[PDB]
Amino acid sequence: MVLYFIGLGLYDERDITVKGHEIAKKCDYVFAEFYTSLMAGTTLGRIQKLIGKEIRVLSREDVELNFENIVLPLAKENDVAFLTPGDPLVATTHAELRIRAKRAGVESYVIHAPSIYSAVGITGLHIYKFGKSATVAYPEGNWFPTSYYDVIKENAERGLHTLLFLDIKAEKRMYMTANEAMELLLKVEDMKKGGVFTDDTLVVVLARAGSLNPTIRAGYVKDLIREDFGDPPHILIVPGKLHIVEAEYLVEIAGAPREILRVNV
């Protein structure tokens, strides 16, 4: 009678850890949500087949409003698993769900899995150099979010890299592309004119991290804003001041313009 928060990883069903696999296999009931992120290389059936269990998929409302009515009750009798893409407690509000479990007298355990937060290392940018992170959100009616623009500015002034998660509207099967994120950022620049994100800004796009052949591209906005980076999900990164080895990697591995090799220390 316990609850397991189990991460499924970045791209397909094999991104789950062996630990999560073996534990998930032995749970009595298995729940999951697929709205916090997109696992582009697998399907529910493949995940179900891998753990040999039928998976009840929950919506954001089920989780956020009814977690303790749908999931917790069964944990007070059986071993329950709650699966999520990536790492269960990263860039989500899932940690709070552990507080709910505790208050219901249910013990919970966390099984981590690869997360985009660390997978950014494949871009060649030193992970310790990443500053505050943010999310580029889709404008809604008259509401046009812009906070993420200030995050980039703050990090950039400190010479730190900025990780930008991209919006997702799972119910409409909408996944923001790096292209759309760049368009939105240029518009915010026009509005704020802080010289933070322009046609000459160097950016890095990582698409489908976790797959064997993710798309890793670096370059100036003017050249990438209309480039095809393949299917979602995508994440956008605005590097801060680069170390020489970072620039070298971006050029040799991400096909960046050879001119960025010339860092202005």
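From 1 onward, residues are counted along the sequence shown.
Q: Per the entry, where is the mean C-alpha temperature factor higher: 238-246 or 251-259?
A: 251-259 has the higher mean C-alpha B-factor.
Q: Averaging the C-alpha B factors as listed in the entry, name the stretch that ends up higher: 112-120 or 97-105.
A: Taking the mean C-alpha B-factor of 112-120 and of 97-105, the larger value falls to 97-105.
Q: If you check the C-alpha B-factor for each of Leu72, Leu164, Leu160, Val151 in the entry, which is highest?
A: The record points to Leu72.
Q: Based on the entry's values, in what third of the chain does the Cα temperature factor of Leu8 lie: lowest, middle or highest?
A: Lowest third.
Q: Where does the C-alpha B-factor of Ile51 rank in its chain, lowest, middle or highest third?
A: Ranked within chain, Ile51 CA B lands in the highest tercile.
Q: Can you work out whether the C-alpha temperature factor of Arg226 puts it in the lowest, middle or highest third of the chain?
A: CA B-factor rank for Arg226: highest third.
Q: Looking at the entry's B-factor column for C-alpha atoms only, identify whether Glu77 ranks in the lowest, middle or highest third of its chain.
A: Highest third.
Q: Place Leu184 in the lowest, middle or highest third of its chain's C-alpha B-factors, as listed in the PDB entry.
A: Middle third - that is where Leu184 ends up once the chain's C-alpha B-factors are sorted.
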